[PDB]
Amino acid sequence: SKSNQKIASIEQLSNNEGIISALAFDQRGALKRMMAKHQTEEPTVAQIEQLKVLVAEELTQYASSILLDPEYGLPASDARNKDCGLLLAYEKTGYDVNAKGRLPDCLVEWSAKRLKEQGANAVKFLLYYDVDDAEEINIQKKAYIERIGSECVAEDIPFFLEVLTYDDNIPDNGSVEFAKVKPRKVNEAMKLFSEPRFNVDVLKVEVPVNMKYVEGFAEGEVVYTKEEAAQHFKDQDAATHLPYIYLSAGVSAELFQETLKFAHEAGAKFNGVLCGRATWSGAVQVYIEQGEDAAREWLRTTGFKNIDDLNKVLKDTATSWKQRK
């Protein structure tokens, strides 16, 4: 029984079939790491704002919505296509490697009310979550999400909760050891944050396996057979009643496309994507080394190919956010 305004706002984030075919560019710390590979200087605010503007200007005509951060992304939000909706990120970027727990913390100048006043159709918040963590840590995380979920009810604005999994006992997310526990980490977190007390509207989540270790896709060690990986997608689908969409996690455009196909064939009725680096990552080096004009040209050719190829796959694979179990 979702409120009329929350329904209306999620319609504004979705395409004409109800698929969330969204473009993600709220990267801050992560964008700076990408830029640091191609220049010796620290990135400027102006530089970062302008790169986000280029992506919004060139690619939002092909997206149903764009996710931006309010620290650098407000000029880009003004530049978005007239039919493209807006999500704004609410968490501070990254986490303190020297503090235990990756504890969640909102941007200090912002509230759900102020994000709505900037024109957001949704508030997005990223939480790092390990279901096996100490309860002393996880209680703080549950309480924090309850606050944000309550703010978004009062402000009558959809709450998109992004969950990224981790385990302090397995510090490398990309490892074989992490790949074995990932389905559990992802699916259990979804079960928890689907509880009504968190007031989440849409979950933005990882695919439950690391595809780099799935039979057929794997160039090295194989952690799961195709049958095993497919079952992890089925378990993910059963973990929530809420609409859920996938993040790209910086894999190649082609691997992300083949992942969505695999999810669909396995029986995950995912409702779209918030796809960032798989679409636009190549623009960063071009912008730095060649300049603005060359970056625009990259976005009009390769960027366009990446998002158009993605949209074609979504048409065949994704399910309206309104579909009910």
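Numbering starts at 1 and follows the sequence shown.
- As recorded in the PDB entry, 220-228 is the stretch of 220-228 and 102-110 with the greater mean C-alpha temperature factor.
- Comparing 124-132 with 169-177, the higher mean C-alpha B-factor in the PDB entry belongs to 169-177.
- Which of 157, 253, 203, 87 has the largest Cα B-factor in the deposited entry comes down to 253.
- Sorting the modelled residues of the chain by their CA temperature factor places residue 239 in the highest third.
- When the modelled residues of the chain are ordered by their C-alpha B factor, residue 82 lands in the highest third.
- In the PDB entry, residue 272 places in the lowest third of its chain by CA B-factor.
- Per the deposited record, the Cα B-factor of residue 248 falls in the highest third when ranked against the other modelled residues of its chain.
- In this PDB entry, the Cα temperature factor of residue 301 sits in the top third of its chain's modelled residues, the highest group.
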